[PDB]
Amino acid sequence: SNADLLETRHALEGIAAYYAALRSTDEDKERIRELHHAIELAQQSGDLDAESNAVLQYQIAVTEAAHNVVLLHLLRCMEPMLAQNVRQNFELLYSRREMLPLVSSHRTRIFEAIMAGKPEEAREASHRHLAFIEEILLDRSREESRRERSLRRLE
């Protein structure tokens, strides 16, 4: 399920961000800065597949920067489904382009908390980032449900 997977990323990306904040070296923090900025460039060029891959690579670097053997192993284990989930999320976000900045905004609060070495904040930022995506997905479902329900109820 694409639903069950989000709840799992919710859990695992939070802890990833936590340890990344606490254990990232100076080289890690720099390699992450370039990957975070790569997301912005892909978003401004308006290329969905480019931005989707930029996010996947960012999240991998964050996980490696966490230096937690089991977490990295779990990411690699689900990497194909994760890559698919991010791609699907962005297909729905590119439908409502006004949300993209707000999503990147949430993701940037995680990045900034990692660079700053604040674990608690980084984890809470990740929860809110993914929680906010779940909310956008549910609004698509809700409005498309009203769509049919309302246009059918008129007579």
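All residue numbers are counted from 1 along the displayed sequence.
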{"query": "Residue stretch of maximal mean CA temperature factor, 56-64 vs 23-31", "finding": "23-31"}
{"query": "Comparing 65-73 with 34-42, the one whose average Cα B-factor in the PDB entry is higher", "finding": "34-42"}
{"query": "Residue, from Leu130, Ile114, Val86, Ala50, that the PDB entry assigns the highest Cα B-factor", "finding": "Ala50"}
{"query": "Cα B factor band for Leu93 (lowest, middle or highest third within the chain)", "finding": "highest"}
{"query": "Where the record places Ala16 (Cα B-factor, split into thirds across the chain)", "finding": "lowest"}
